[PDB]
Structure formats: C-alpha cells, structure tokens
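Working notes, beginning with the structure itself.
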Amino acid sequence: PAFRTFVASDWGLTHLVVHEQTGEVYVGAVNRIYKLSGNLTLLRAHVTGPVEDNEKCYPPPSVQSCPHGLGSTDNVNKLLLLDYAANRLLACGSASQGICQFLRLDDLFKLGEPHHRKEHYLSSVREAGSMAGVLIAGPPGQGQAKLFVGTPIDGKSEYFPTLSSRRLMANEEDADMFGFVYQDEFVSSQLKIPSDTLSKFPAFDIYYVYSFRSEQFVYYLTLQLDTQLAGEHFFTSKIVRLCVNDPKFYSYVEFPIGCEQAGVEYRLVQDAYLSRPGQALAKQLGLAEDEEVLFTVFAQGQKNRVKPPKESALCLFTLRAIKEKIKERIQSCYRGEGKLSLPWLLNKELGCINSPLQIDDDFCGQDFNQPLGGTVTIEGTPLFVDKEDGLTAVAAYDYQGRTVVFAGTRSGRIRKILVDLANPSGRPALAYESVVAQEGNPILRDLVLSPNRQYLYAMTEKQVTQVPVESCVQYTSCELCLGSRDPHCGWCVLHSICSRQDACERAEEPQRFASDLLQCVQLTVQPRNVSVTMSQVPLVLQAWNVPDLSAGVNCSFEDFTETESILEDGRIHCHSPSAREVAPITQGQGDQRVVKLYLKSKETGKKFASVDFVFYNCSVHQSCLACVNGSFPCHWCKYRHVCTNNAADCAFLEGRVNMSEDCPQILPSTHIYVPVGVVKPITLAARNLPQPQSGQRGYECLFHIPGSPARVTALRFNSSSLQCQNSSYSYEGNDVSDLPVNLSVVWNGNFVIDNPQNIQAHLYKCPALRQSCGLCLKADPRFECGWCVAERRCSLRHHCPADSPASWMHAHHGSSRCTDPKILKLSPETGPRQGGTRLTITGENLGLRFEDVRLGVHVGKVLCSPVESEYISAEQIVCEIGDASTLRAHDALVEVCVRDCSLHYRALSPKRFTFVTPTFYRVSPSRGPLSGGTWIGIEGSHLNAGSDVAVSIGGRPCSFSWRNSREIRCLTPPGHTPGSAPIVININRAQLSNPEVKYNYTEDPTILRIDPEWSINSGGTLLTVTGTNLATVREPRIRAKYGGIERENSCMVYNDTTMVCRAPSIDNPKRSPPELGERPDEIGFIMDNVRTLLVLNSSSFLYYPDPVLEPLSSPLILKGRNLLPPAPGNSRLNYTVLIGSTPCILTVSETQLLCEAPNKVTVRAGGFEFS
Ligand SMILES: *[C@@H]1O[C@H](CO)[C@@H](O[C@@H]2O[C@H](CO)[C@@H](O[C@@H]3O[C@H](CO[C@H]4O[C@H](CO)[C@@H](O)[C@H](O[C@H]5O[C@H](CO)[C@@H](O)[C@H](O)[C@@H]5O)[C@@H]4O)[C@@H](O)[C@H](O[C@H]4O[C@H](CO)[C@@H](O)[C@H](O)[C@@H]4O)[C@@H]3O)[C@H](O)[C@H]2NC(C)=O)[C@H](O)[C@H]1NC(C)=O
Ligand SMILES: *[C@H]1O[C@H](CO)[C@@H](O[C@@H]2O[C@H](CO)[C@@H](O[C@@H]3O[C@H](CO[C@H]4O[C@H](CO)[C@@H](O)[C@H](O[C@H]5O[C@H](CO)[C@@H](O)[C@H](O)[C@@H]5O)[C@@H]4O)[C@@H](O)[C@H](O[C@H]4O[C@H](CO)[C@@H](O)[C@H](O)[C@@H]4O)[C@@H]3O)[C@H](O)[C@H]2NC(C)=O)[C@H](O)[C@H]1NC(C)=O
Ligand SMILES: *[C@@H]1O[C@H](CO)[C@@H](O[C@@H]2O[C@H](CO)[C@@H](O[C@@H]3O[C@H](CO[C@H]4O[C@H](CO)[C@@H](O)[C@H](O)[C@@H]4O)[C@@H](O)[C@H](O[C@H]4O[C@H](CO)[C@@H](O)[C@H](O)[C@@H]4O)[C@@H]3O)[C@H](O)[C@H]2NC(C)=O)[C@H](O)[C@H]1NC(C)=O
Ligand SMILES: *[C@@H]1O[C@H](CO)[C@@H](O[C@@H]2O[C@H](CO)[C@@H](O[C@@H]3O[C@H](CO[C@H]4O[C@H](CO)[C@@H](O)[C@H](O[C@H]5O[C@H](CO)[C@@H](O)[C@H](O)[C@@H]5O)[C@@H]4O)[C@@H](O)[C@H](O)[C@@H]3O)[C@H](O)[C@H]2NC(C)=O)[C@H](O)[C@H]1NC(C)=O
Ligand SMILES: *[C@@H]1O[C@H](CO)[C@@H](O[C@@H]2O[C@H](CO)[C@@H](O[C@@H]3O[C@H](CO)[C@@H](O)[C@H](O[C@H]4O[C@H](CO)[C@@H](O)[C@H](O)[C@@H]4O)[C@@H]3O)[C@H](O)[C@H]2NC(C)=O)[C@H](O)[C@H]1NC(C)=O
Ligand SMILES: *[C@@H]1O[C@H](CO)[C@@H](O[C@@H]2O[C@H](CO)[C@@H](O[C@@H]3O[C@H](CO)[C@@H](O)[C@H](O[C@H]4O[C@H](CO)[C@@H](O)[C@H](O)[C@@H]4O)[C@@H]3O)[C@H](O)[C@H]2NC(C)=O)[C@H](O)[C@H]1NC(C)=O
Ligand SMILES: *[C@@H]1O[C@H](CO)[C@@H](O[C@@H]2O[C@H](CO)[C@@H](O[C@@H]3O[C@H](CO)[C@@H](O)[C@H](O)[C@@H]3O)[C@H](O)[C@H]2NC(C)=O)[C@H](O)[C@H]1NC(C)=O
Ligand SMILES: *[C@@H]1O[C@H](CO)[C@@H](O[C@@H]2O[C@H](CO)[C@@H](O)[C@H](O)[C@H]2NC(C)=O)[C@H](O)[C@H]1NC(C)=O
Ligand SMILES: *[C@@H]1O[C@H](CO)[C@@H](O)[C@H](O)[C@H]1NC(C)=O
Ligand SMILES: *[C@@H]1O[C@H](CO)[C@@H](O)[C@H](O)[C@H]1NC(C)=O
C-alpha cells in the first residue's frame, strides 16, 4: 500500500482542519490557504500572500501612509477556524498588523477582510501557531457568534490585547467585526499587557499553543516569561480559563502546568488535545461518560521556547481534576488567604478579599479579588517519554472502549499508543510506529482525525499525509495480526485476512473471528508424511479455533490440486492426490517436498488454515545409506540394489535392509599400500556383502587412476571379506611419490558397494622422487622401499639382486649411516667473529638422527652446536656457531661428520664461511626531535653480517627497515631527555660500540609564522614559513583538514629557521569557501613524530575560493574577480605578467591588472598560471 499525500509545492504549511460534515480538509499556509478532498487531492487554492508591507507600521499602509520602507513580505497563516454556522472559514493572517480573512466554505470565495478599524488588527507577530482560539455561537437573533482569541504582542501593549472576546457579525462586509463583546471606558472584554511590566521585563510575551471549549468555558495552554521565574529568558507553561458568558472578563484563572518523570522536569507545552476516554480509561480513572480529558506534550526544563529540547513527555490531565484545582483555589481566596499572585498582570500585589459564598464549578468571577493567578503548579500523569526523538503533536480517540493516542515526532513519525494505566497492563504501551516525512520533517500540532475516524491527517512543514488509524491488512498471518496489538485488528479466520470486527463478514458467529493469539487457526494432519508412490490416502484433520464449517470444505495441497472432504466429530476427512497428480509436483525437488496443505472454505473460497505436509520420494535414493540412514521410512534391497517403501518389493526376505548398521559397506584396514609395477593381491574386509543371485555376476575392483583405470575381478569369500587378484598398477608422470586413489568395488557390472570411510589405495613409487640413499630410508618403514648399493638406486628387496648378503640397505630403526655426505649451499655466508650466528646448512646425504649430527658440525676449528627443531633430517641442519674470537683465520670451510669423522663419511663446504667484525663511523642525520621517528642512516663496513640486528639509541630500540654492506637504515624511538645519546648495535653475539659517534636529541622544531596567512580552494601557492630546528626534519609537509577531508602538501627547507611550502588543495565538491574566507577544521605540519605540530591552535590561516581571469604603446588591462583577498597587514600577492619570457612592470588593482606592453600572455602569482 501507499500513503495518500498532498505535497507543498512552493511554501511551508502552518495549519490544518477538517470539516465535520464533508471531510474536506482545509490547510493554512504561508501565502496560501488550500481546500482538499478527503484523499488529499487539491480542490481549491487561495492566494493570501506576498504582500507589500512592513511590521513597524501602525495602521498598515492601506489606511495611513507610513514613513518606513515597504517590501514584498510573506503573509503567514497564524490561525484557522471553521465557522459552520455562517458557512465559511476564518483564516487569520499576519503581515498587516494581523488582519483577518473570511473565506467561503465550499469555494474559498473571500466574503470579507476587515481592516479599517483598530480591532480589525490582531497582532504584528509574524510567528505561526503562537496564536489559538475557539469559535462559539448562538442561534440567529439571539446573542450572536463570538470569537475568543489569544495572541502574542511583541511589546505592542497598547495596540493589541493578548486575550480578547470579540464579536462575529453575519455580514463579512459589516464594519462591526472583531469588535469586543462589551466595551466600556472602565472595563472591556479584553486583557491587555501592562506597560509597567514591559518596562521591568523587556520582552515578556504570551504565546498561545492550544485552545478548546469545554462544557461552558474556554481553556488555553500558554507559555510566558521569567516573572519570579534584567537577566535571561525562562518560560512557564500554564493553563488559562474563562466563562463563555463573562463579558467583564472577571473569570480569568491561570495555573502553572507540567509533570515530572523520575526527578526530571517537563514544563514546556508543545501541543495538547482534548478528548474522551471511552469505557476503558474512564472506569479506572474514575469518570462519568461525558467527563473530558486532556492529553499533552511537554519538553524538558524551562529553556529555549524558540528551539526546545529533544527530551519530551506525554502527560495527562482529567478536567474534573483541573476543575477541582480551580474550585479549590477560588474557595481559598474567598477565605481571604494571601494574595492574588499574578506577576505580569498586577505588579503591586492586591490581597484576597474574604466573603461568604456558595463556591461552585458554575462560578463566573466577581468584582473584587478580580483576575487571579495560581500558586500550586498542577502536576500531570505521565504516559510515554521519548528521549532520542522529540514528540511534537498529539491526538486521541475512543475505539470500542480502548483509548488510542497519536503522537507526532521531530522525525516525521506517528506513534499509536494504547494508554493502559487504567487498563490491566503495567504502564501505557506503544503499539506501532509509522512514517510520513521520513527525511526528518517534523509533524505539526494540527493533527486531526477524519469525521468517519478512519484516517488521521498528519501535517508537516512541507506535506499533508493521510495516515490510516486502521490498516490491519498489512498483517499476513493470524500470528502477526494479533501480535501487533493495535486494537482494531482481528483475524477473520475463514477469509484469512486481518481487519476490524465490522469488516469481517459473519464475525459475530462462533470462532469465525479471532482476537487473542490463542484463538489462532491451528491445524494438524494425522498422516503428515505420505510417499509419492501411494495414492488417494485417507488423512484426518484436527483444527481448533474455527467457525462452523457445515457450509463445506475442500483440501488444497497447494494451487496444484483440490480434494473434497466430509465432516465427522471434530475432524475433517479428505484424501491424498493420485500418483498421476503427485509426481508433477515432486519432479525436480528430489529427496522430499514439504508442501503447505490448505483448507479452502466453501463459504468464502479462500485458503485460511495450513500445515507442513511432506511428500517423500523412496525410489530416488541410489544407495543403502541414503535409503535407511536418511530421514524417512525407506527400505533397502541388498540384492535388487534399489530403495523402496514396500518390504515385498525386495528380492526376497533375507535381503531387506531396515537398519543402517546392516547396510553392504566396505570396512577399513590399516592403509592399502601398493607399489607401482609389482604383482600384488589386495585383501579387503567389509560387512553384509550380498551373495549374487539369479542372473547376477561376481565382484570386481575398479581403480580410478586418471592415467589408467584398472578393472580387476575379485572373489567374495564371505559376507565380510574381498580380494582383488594378483596384478600390477601404474600411473604416468613420475611427479608424485605418494598418490592416493579412489577405488570402487563393483558386482554384477554396475552395482557399486557403499564406501563410507571412502577407502583409497595408495600407489607409491620405489623412488621416482628419491635418487639419494638418505631420501629413501627417510620415507615410510611401511613401503618396505630401501636403498640398493650396486644399482645406485632404490627399490625393494624384491627388485634388487643379493650379490652380497648386505647389498640392499634399509634404515633398520634409523640406525643406518648413509655414505658420501655432500653440502650444496649454506646461508649466512658471512658472520660476526663473536659468534651466535644461526648457520643454515643444506645438503643431500646426511645422517638420519639428530644425535649423530650433533657434535659433528664445525666451521673450520670453531665448534658449532646444532638445533633440534630446525633440523630437517638428511636435507638440512640449522646450527649455532660459538665464539670465534680466538681463531687466527678470517675464513674457514664448513665440515659435517655424520656420526664419526670417518674418511668416507665427511663433507666439506664448496665455498667457505667468512668471519668479519662490522664497524660504524657516521650517522646521516646526527640530530632529531625528542618524539623520534627520524630516518637514520648509519654508515660503516660489514654491516650486513650475521642473522639478527638490533639498534639501541639511549638503550631504547630503533625500528629497523633495511640492511646493507655499507648502511643500516632505521627509524628512531622517542628520547627520554634532550642531548647526546649512545648508539649500540648488536649483531648476534657481537655488541659493537662507538663513543665518538653520538646522536643528539633536540630539540623539537617549532612553527612561528606562515606568510601569507591565506590561500585558495585548489591551493598551490607559496607560503613563507618561519620557525626553529627545521633542518632536523628531512621531508616536512603541510596538513589541512577541510570538512570531512584531510589533505597534505610538500615543503622545501632552506635554513634551520626558514622554509617554503606549497599550500594544500582543499577542493571539495561538498563545501566551497565563501568570499569572506574560512578557517579549516585543522591546520599544521607533519614533522616526524612531533605531534603537537600536527594541529595549530593559535592559527588564523584562512582559505578563499578559487584568481578569476577573462580572456579575449597602449597598456595592458586584464579584468576579473578574486584578484585580491581581504588579508591582515600589508601582505599581498606578488603578481608577474609575462610575454613569452619577458616580465613587465605592473600596478595591481582589485579587479584589473595594469601591465605595460610595446605592441602568449601568461599571468603568475605563486603556484598559479592562466592565459
Ligand atoms: C521420484 O524421483 C525419481 C528419481 O529421482 C524420479 O524418477 C525419474 O524420472 C525422470 C523422468 O522425468 C527420469 O529422468 C529422465 O531420464 C531419462 C532416461 O532415463 C534413463 O537413465 C536413468 C538414469 O541412470 C535410468 O534410471 C533409467 O532407467 C529407468 O527406467 C527403466 C524403465 O522404466 C526402469 O526399468 C529402470 O529401473 C529405471 O527406473 C533410464 O535408463 C532421460 O531421457 C531424461 O534426460 C533428458 O532430459 C534431461 C532434462 O531435460 C537432460 O538433462 C538430458 O540431457 C536428457 O535430454 C531424464 O533425465 C529419471 O531417470 C527417473 N529416475 C530414475 C532413477 O529412474 C521421479 O521424479 C520420482 N518418481 C515418481 C514415481 O514420480
Ligand atoms: C637563510 O635563507 C633565508 C631564505 O633563503 C633567508 O631569508 C631571507 O634572507 C634575505 C637576505 O639573505 C632577505 O632578503 C632581503 O630583503 C631585503 C628587503 O626586505 C623586503 O623584501 C623582502 C623580499 O620581498 C620581504 O620579504 C621583506 O618583508 C619582511 O619584513 C617584514 C617587515 O619587517 C616582515 O613583516 C616580513 O615577515 C618579511 O620578513 C621586506 O619587505 C632586501 O633589501 C635585500 O636585498 C639585499 O641583499 C641582496 C642579496 O644579498 C643584494 O643583492 C642587495 O643589494 C641588497 O643589499 C634582500 O632581498 C629576506 O628578508 C629574508 N626573508 C625573510 C622571510 O626574512 C634568511 O635570512 C637566512 N637565515 C639565516 C638564519 O641566515
Ligand atoms: C571369511 O573368509 C576370509 C577370507 O577367506 C577369512 O579370513 C582369513 O582368516 C584366516 C584365519 O583362518 C587367515 O589365515 C591366516 O593366514 C596366515 C598366513 O599368513 C602367511 O601367508 C603366507 C603363506 O603362508 C606367508 O608367506 C606370509 O609370510 C604369512 O605369514 C597364517 O599364518 C595364520 O595361521 C595361524 O593361525 C591358524 C588358526 O589359528 C593356526 O592354525 C596356525 O598354526 C597359525 O598360527 C592364519 O591361517 C587369513 O589371512 C584370512 N584370509 C585372507 C585372504 O586374508 C575369514 O576367516 C572368514 N570369516 C568368517 C567370519 O568366516
Ligand atoms: C511421518 O508421518 C507419520 C504420520 O503417521 C508420523 O508418525 C508419527 O510419529 C510420531 C513420532 O515421530 C508418533 O508419536 C509417538 O507415539 C508413541 C506411541 O506409539 C504407539 O502408538 C501409536 C499411535 O497410537 C502407534 O501408531 C504405534 O505403533 C507403531 O509401531 C508399530 C511397531 O513398530 C508398527 O507396527 C505400527 O505400524 C505403528 O507404526 C505405537 O504403538 C509415543 O511413545 C511417542 O512418545 C510419540 O508420541 C506417532 O505415533 C506416529 N504416528 C503413527 C500413526 O505411527 C511421523 O512422525 C512422520 N515421519 C517423520 C520423519 O516426520
Ligand atoms: C475519496 O475518499 C473516498 C473514501 O473516503 C474513496 O472512495 C471510496 O473508495 C472505496 C475503495 O477505495 C470504495 O469502497 C468500495 O465499496 C464497494 C461497494 O459499493 C465495494 O464493491 C468495493 O470493494 C472492492 O474493493 C475491495 C478492496 O479493494 C475488494 O476487496 C473488492 O474485490 C472490490 O473490488 C469497495 O469496498 C467506495 O466506493 C468509495 N467510498 C464511498 C463512500 O463511496 C476514494 O478513494 C477517494 N476519491 C477521490 C476522488 O479522491
Ligand atoms: C471441491 O472439490 C471438488 C471435488 O474434488 C471439486 O470438483 C471439481 O469440479 C470441477 C469443475 O469446477 C471439475 O472439473 C470439470 O471436469 C470436466 C470433465 O468431467 C472437465 O472437462 C472440465 O475442465 C474444464 O474446465 C477447466 C477449468 O476452467 C479447464 O482447466 C479445462 O481445460 C477444461 O476446459 C471441468 O472443469 C472436476 O472434475 C471436479 N473434481 C473432481 C476430482 O472430480 C471442486 O473444485 C471443489 N468444490 C467446490 C464447490 O469448489
Ligand atoms: C575421489 O573421491 C573424492 C571423495 O569422494 C572426490 O572428491 C569430492 O567428492 C564429493 C562427493 O562425496 C563431492 O562433494 C559434493 O559436495 C557438494 C557441495 O555442494 C554436495 O552437494 C554433494 O552432495 C557432494 O557431497 C566433492 O565435490 C568432490 N570434491 C571436489 C574438489 O570436486 C573426488 O572427486 C574423487 N577424485 C577424482 C579424481 O575423481
Ligand atoms: C548416519 O546416521 C548416523 C547415526 O544417526 C550418524 O552418526 C553421526 O556420526 C557422527 C560422527 O561422525 C556423530 O558425531 C553424530 O553425533 C552422529 N549423529 C547422530 C544423529 O547420531 C551419521 O551422521 C549418518 N551418516 C550418513 C552418511 O548419513
Ligand atoms: C599371487 O597370489 C597367490 C595367492 O595369494 C600367491 O600364491 C602367489 O604367491 C602370488 N604370486 C606372486 C608372483 O606374487
Ligand atoms: C644538541 O642539540 C641542542 C639543541 O639543538 C644543542 O643546543 C646542543 O648543543 C646539542 N648537543 C651537542 C653535544 O652538540
């Protein structure tokens, strides 16, 4: 569905109201007043707006000339009131000292607009909604129609009354309009602001928010100023009341109003709405039918009426309770107690006069003790509190007793609240939230339910929106319908839809309509699971919370089939579809198809109740495991090798599989080892292997080798063992020694027995991977594969001739020395004399255990201790070299003795290991900031030696980058205290020092001045920067943060104090700098780890928008915008206008460039160029 809507094409909207007969919607706006249909189509548009005028002018230009300058200004609709009696609309504007309009009801024809007399003027105030009031009428000939109206005054105390009682004549042209009900030279039916109270408190004013007629009175919810709370402005939200029949204005009352939530004050009215409570809230709030109630909205505190806080609270007042607070206060002043206490009205406090009277609710005020205030602030019952999104508006209504509340939000959202304090629940609960102007257009106070009370017109700054009170049809399921709780919604069982009682046909009958989730349609089928192969199966259906279906019912499995059913007891009996019908469904979905079996009612003809119904298919299972150990009742036939539901369809009795453990499967043994090109049998074990029956062949082993697949026939010895016959196998590659191969055991040609563990045959080759004795004895003792001296190759005893009783050698337990060790290459080629180096030797024919190579390794004379974990047997030794300080040699060859330094069992390295002692002499900055982060370049000799390197400045470690013969480059850590620091480099067990080469911690560079204090949006101009220690940073750069973007640019250092920098581009398509200029969010410099320089607090650097220049003996004149910026001091751009290469002498002006020419033209200023 879509929300019916009226969009405000050009201007903001201010007020909305609904005609109780028609449902036409009238809409007050700035410069416009619209008539709209119930579904928000435009019906008529009145122009009321842009008027040539001025607020300062009294009587507006129409009546008298004003010396103040006039301008086309907007006319804001301040007020809107339906006068049904005189078939019209009072449409009160502003911007003419507040003259009022009369528009005819059905066409908006201006009937009248009185503006001659002073009463025809209402207020200068140009603010929308700060005004309110009520229209009240009697029959024609009797006491005529009156308007009670409050407005702000703006300090124009003597021009306008804030509250007034005014006359509404039947002729709109009649001059008597908006005249006071009773005017006297002593007392008029109006209430003015006293001049003395405006002198004392400068801009006190009364803003009228909401207003309503009740029984015989007229109430107003108001906002006022600090008068006992010159200083600052703080507001107090109050209730006002008058008797309708009090021309003298003596009935005026004024009590402060608000409410508190866990010690948090809410004292600013944003809206209100008088309503009924209906049977529900009335009863447990203790009220009579026609007793009224007032829903309200307050913001937190007493601050900023112009822009209130998010924190907002919906409170409640029963009018009987406000009536009692007023009666209680009057029966109190008529006891003579205290003062009247009304600051803004009576500055000097007059006292309460005692008198004997019958104080009633009918009391309409008397001559003495006059207009009076209120001491005890009236507290309201809180209901719902929003903390992240401020309430703005409210309405409410009676629905079948339960009291529904509507609440606008700053976001453009409406809340639908059941108030349940008087209802059973713990506290009043939100039911639902809805969207109007999602982008964040706030909802306005004027929020009216339609006449039929089916919709709720919700107004924003920019759009009216028809939001339905009931729209239960968005609810798809009984479970969600009654789950939303918004009380209009019930499940109309047989129509399977969610809607109100009056909308569900026959709802009054038993079980036809559901209102509590427990009434939900609940359905079950006895034979939940039915096989594809079955047909017309009898099923029984149990359903609860369903009306009398003696009308008739059909079963529809989905929109595929439909079978007739008959009714007995509390059960429904229908049949499954035919095999002819069932399979059209199940085709494609294979294993099973869960299908939603519905009930189609004969009365409605709509599916309402559902169940999970399963269509299972046994035959499509193509293995025992899937068949039995699946999820369903399926039987496997060992012998036919087919899955089916029927026991009898099996071959015969003793071939039925019902249990998963009884399935034909191959069991594992310890791994199947198969050498290539060797005649071997492969015995297998298994379980429940079938005796092949009539017309059935025997067993075979099929090997799935990509190169060659072998078919070898086998013998089944019993139900538990197999064996493929003597054969040899191969694969073409010689690429991988150990190849695992999928094998399938077949019988009768194509029946493959199940292989759960997925047992494989490993085809291994006596080595196509190992041409070294050490590699063979390295591999599995299982393979039986071993090294054969004479051949110079490696194969089994089987494949190698015994010319000697010990000609074939196998690693017995690894106690097998292996001949002629050889070293290929070793890493680190160089090392420190001190030792500690990890030598990484890689050979081919080494020892097979660690404890023989340990003690064997030596570097010339120097004892080398080998490492266990890092040793890879007969391929690689990792060894730690000892102290070589005492060695005379500079370089020595590496030696391994396998176990004993025997003459055949020794290896010597092809090239030799070199000992050096690295030294360093210079550092390439010798200075750097205390924070660190400096790129250091240590120069020396032999710096690339050994394994590990660690550089320590002041004991603290340097972050290493890269190493060289001649250089070590690392990044400096933070220094503790500024000044000279030791540089310690340790390579393995060698720790080299130099006290002549030190590092000097500085002092951190500083930034003092940037000279020009500005640049343009694209940047690129020269900046003459000054500071200290600038030569100690090799690559400094400028940083600037504009908006959400951060950008950087380069610098060129000259002195320790001077630097030229190219200004950073801030080019943002989101924000452009103004003509006036703008500071960046951040500005600074990136200098290593000195982070205090990244953000400059004191900087006044400005960014102007991207010079503008216009193209095509007398001098050159070049015109354009943005040539000169509004910069502090003298400082301006050094412009140079050039011709091919020759610069000119020019005088620069704000719009023009005065170059001088003797008769390709380029203009330069910093990093800027244009032709
Ligand atoms: C429950 O589930 C079962 C199994 O999943 C469904 O039964 C299948 O029905 C469909 C028909 O729509 C079959 O698919 C078609 O197969 C034919 C050729 O089938 C041949 O190959 C089979 C596969 O090995 C083999 O089983 C067949 O032998 C059977 O039939 C004989 C005689 O009745 C019987 O004695 C045997 O015991 C077997 O039962 C047969 O040799 C093929 O023409 C189709 O392929 C074409 O279309 C596809 C898709 O467009 C396309 O990709 C191809 O290129 C080709 O053009 C098609 O695949 C399927 O074979 C049946 N399954 C089995 C095991 O037989 C069935 O939906 C459900 N059962 C019921 C009762 O509803
Ligand atoms: C290290 O190197 C840096 C930059 O490389 C040096 O900074 C500059 O030094 C030179 C001298 O070596 C100075 O140039 C001289 O300027 C004067 C006239 O100054 C006027 O013109 C300037 C250039 O347009 C302008 O910036 C000046 O504005 C400054 O002063 C105002 C007001 O006091 C101040 O508010 C600003 O902040 C500016 O700082 C000013 O209007 C000129 O007379 C010199 O000419 C002489 O020298 C040349 C060459 O030797 C010779 O040929 C002539 O005959 C003549 O005798 C010269 O052009 C420049 O002022 C320095 N820049 C700054 C920003 O101060 C820096 O001095 C070196 N540092 C160290 C520690 O050694
Ligand atoms: C289903 O059918 C399967 C397969 O047909 C049977 O499995 C066989 O079980 C028997 C036990 O009866 C196993 O027989 C044993 O074989 C050993 C032979 O290994 C040697 O083979 C060759 C040639 O002799 C040598 O070169 C090689 O070096 C091996 O050493 C014998 O050593 C065993 O004999 C020992 O046990 C018996 C009985 O206790 C004693 O009498 C002997 O003195 C001796 O101690 C033994 O005979 C045979 O390996 C299995 N077959 C296969 C093919 O592997 C199942 O028994 C049967 N299952 C059921 C439930 O009925
Ligand atoms: C497929 O659909 C069928 C619909 O028929 C579902 O079957 C029902 O499954 C549930 C459990 O999953 C059973 O509920 C249990 O009942 C137990 C008591 O069982 C006895 O009483 C049964 C009814 O009175 C009776 O059917 C049953 O006899 C069965 O066993 C006999 C011996 O094996 C066999 O010969 C008969 O044919 C028959 O099948 C017992 O005497 C109780 O102890 C449990 O706590 C539980 O409540 C239903 O009884 C099943 N209904 C039937 C008619 O058997 C089935 O769930 C669906 N399959 C899947 C996978 O979802
Ligand atoms: C102005 O607003 C009015 C209402 O304020 C509105 O006119 C109404 O439209 C509704 C439908 O939106 C109509 O209600 C129909 O009543 C007839 C019986 O006479 C039914 O046959 C209709 O049922 C149909 O629609 C159902 C729901 O979509 C279907 O389930 C069903 O199969 C039928 O097709 C329906 O209930 C109604 O005619 C008027 N209301 C009145 C009082 O006449 C309209 O949307 C707005 N018009 C304009 C010009 O802006
Ligand atoms: C509840 O269930 C009952 C019984 O299960 C079911 O009755 C069905 O009624 C339809 C008529 O609506 C029957 O279909 C007819 O059968 C004749 C042959 O005898 C066909 O030639 C007709 O089919 C034509 O029309 C179809 C629909 O327009 C087309 O799809 C088709 O191409 C043909 O032109 C005709 O429809 C049907 O035989 C019975 N069902 C059975 C199982 O016999 C009924 O739907 C349900 N009852 C109610 C009141 O809804
Ligand atoms: C040797 O056998 C192995 C294992 O049987 C084969 O590898 C894998 O085979 C399995 C079948 O069990 C495949 O798994 C499948 O996964 C999908 C997941 O979407 C699932 O839907 C299927 O039901 C099935 O279980 C798997 O794809 C396959 N592996 C690869 C990488 O394809 C292997 O194919 C055999 N080797 C050769 C050379 O054929
Ligand atoms: C066959 O069914 C068995 C028994 O139900 C399944 O056994 C599972 O085995 C794993 C071990 O791999 C256990 O951790 C699970 O707890 C077992 N599951 C259950 C439910 O008992 C097995 O998954 C099924 N196998 C196949 C191939 O379908
Ligand atoms: C072949 O297998 C048979 C039976 O297992 C056995 O007697 C014979 O030793 C095997 N022959 C060869 C050459 O391996
Ligand atoms: C270290 O640097 C500081 C600040 O630049 C300097 O004053 C001091 O002389 C330097 N120390 C040495 C030993 O040169």
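Chain labels run A, B, ... following the order of the structure tokens; each chain numbers its residues from 1, and ligands are numbered from 1 in the order shown.
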
Output as a Markdown table one row per residue of chain A within 8 Å of ligand 9: the closest atom pair and its distance in Å to one decimal place, counting only C-alpha atoms and all ligand atoms, sorted by chain and residue number ascending.
```
| residue | atom | partner | partner_atom_place_in_ligand_line | distance |
| --- | --- | --- | --- | --- |
| A:679 | CA | ligand 9 | 14 (O) | 5.3 |
| A:680 | CA | ligand 9 | 14 (O) | 5.6 |
| A:681 | CA | ligand 9 | 2 (O) | 6.2 |
| A:725 | CA | ligand 9 | 2 (O) | 7.0 |
| A:726 | CA | ligand 9 | 1 (C) | 5.0 |
```

Next on the checklist: For ligand 3, return the neighbouring residues as a list in words (distance at most 9 Å; only C-alpha atoms and all ligand atoms).
Outcome noted: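 For ligand 3, the residues inside 9 Å are residues 682, 683, 684, 685, 715, 716, 717, 718, 719, 720, 721, 722 and 723 of chain A.
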
Next on the checklist: as a ChimeraX atom specification, please: the residues near residue 459 in chain A (cut-off 7 Å, only C-alpha atoms, same-chain neighbours under 5 positions excluded).
Outcome noted: /A:443-444,446-447,464-465

Give me the residues of chain A that have any atom at most 10 Å from an atom of ligand 5; for each, the nearest atom pair and the distance in Å, rounded to one decimal. Use only C-alpha atoms and all ligand atoms, sort by chain and number, and format it as CSV.
```
residue,atom,partner,partner_atom_place_in_ligand_line,distance
A:4,CA,ligand 5,45 (O),9.3
A:22,CA,ligand 5,5 (O),10.0
A:23,CA,ligand 5,5 (O),8.1
A:24,CA,ligand 5,1 (C),9.9
A:36,CA,ligand 5,50 (O),9.5
A:37,CA,ligand 5,50 (O),6.3
A:38,CA,ligand 5,1 (C),5.3
A:39,CA,ligand 5,1 (C),4.7
A:40,CA,ligand 5,50 (O),7.0
A:41,CA,ligand 5,50 (O),6.1
A:42,CA,ligand 5,50 (O),9.5
A:450,CA,ligand 5,5 (O),9.3
A:451,CA,ligand 5,5 (O),9.9
A:452,CA,ligand 5,5 (O),8.5
A:454,CA,ligand 5,5 (O),8.5
A:455,CA,ligand 5,5 (O),8.9
A:503,CA,ligand 5,36 (O),9.8
```

Checklist entry - Using only C-alpha atoms and all ligand atoms, which of A:253, A:794, A:614, A:553 sits nearest ligand 6? => result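 Ranking A:253, A:794, A:614, A:553 by distance to ligand 6, first place goes to A:553.
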
Next on the checklist: Show me which residues are within 7 Å of ligand 7 counting only C-alpha atoms and all ligand atoms, and format the list as a PyMOL selection string.
Outcome noted: chain A and resi 706+742+758

Next on the checklist: Around ligand 1, out to 8 Å and counting only C-alpha atoms and all ligand atoms, which residues are there? I want them as a PyMOL selection string.
Outcome noted: chain A and resi 532-533+579+582-584+586-588+590-591+617-622

Atoms to include: C-alpha atoms. Write the selected residues as a PDB file, in the first residue's frame.
```pdb
ATOM      1  CA  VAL A 532       4.991 -40.399  -3.779  1.00  0.00           C
ATOM      2  CA  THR A 533       4.053 -43.974  -4.762  1.00  0.00           C
ATOM      3  CA  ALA A 579       0.024 -40.765  -8.340  1.00  0.00           C
ATOM      4  CA  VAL A 582       1.511 -36.160  -7.007  1.00  0.00           C
ATOM      5  CA  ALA A 583       4.595 -36.601  -9.243  1.00  0.00           C
ATOM      6  CA  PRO A 584       4.079 -33.411 -11.320  1.00  0.00           C
ATOM      7  CA  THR A 586       7.793 -33.788  -6.725  1.00  0.00           C
ATOM      8  CA  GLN A 587       9.666 -33.821 -10.063  1.00  0.00           C
ATOM      9  CA  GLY A 588      12.833 -31.750  -9.602  1.00  0.00           C
ATOM     10  CA  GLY A 590      14.090 -34.935  -5.375  1.00  0.00           C
ATOM     11  CA  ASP A 591      14.594 -36.136  -1.790  1.00  0.00           C
ATOM     12  CA  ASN A 617      10.262 -39.978  -2.701  1.00  0.00           C
ATOM     13  CA  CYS A 618      11.993 -43.705  -1.540  1.00  0.00           C
ATOM     14  CA  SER A 619      12.984 -44.904  -5.006  1.00  0.00           C
ATOM     15  CA  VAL A 620      15.209 -41.942  -5.933  1.00  0.00           C
ATOM     16  CA  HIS A 621      17.695 -42.941  -3.209  1.00  0.00           C
ATOM     17  CA  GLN A 622      20.583 -44.674  -5.027  1.00  0.00           C
TER      18      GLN A 622
END
```

Item to check | Test item, strand (DSSP E or B) assignment across range 344-408 of chain A, answer as a ChimeraX atom specification | outcome: /A:351,378-379,384-386,391-399,402-408

Item to check | Distance filter 10 Å around ligand 10, atoms: only C-alpha atoms and all ligand atoms, out as a PyMOL selection string | outcome: chain A and resi 926-929+978-981+998-1005+1028-1029+1032

Item to check | Gap from atom 17 (C, counted along the ligand's line) of ligand 4 to CA of residue 542 in chain A - Å, one decimal | outcome: 18.2 Å
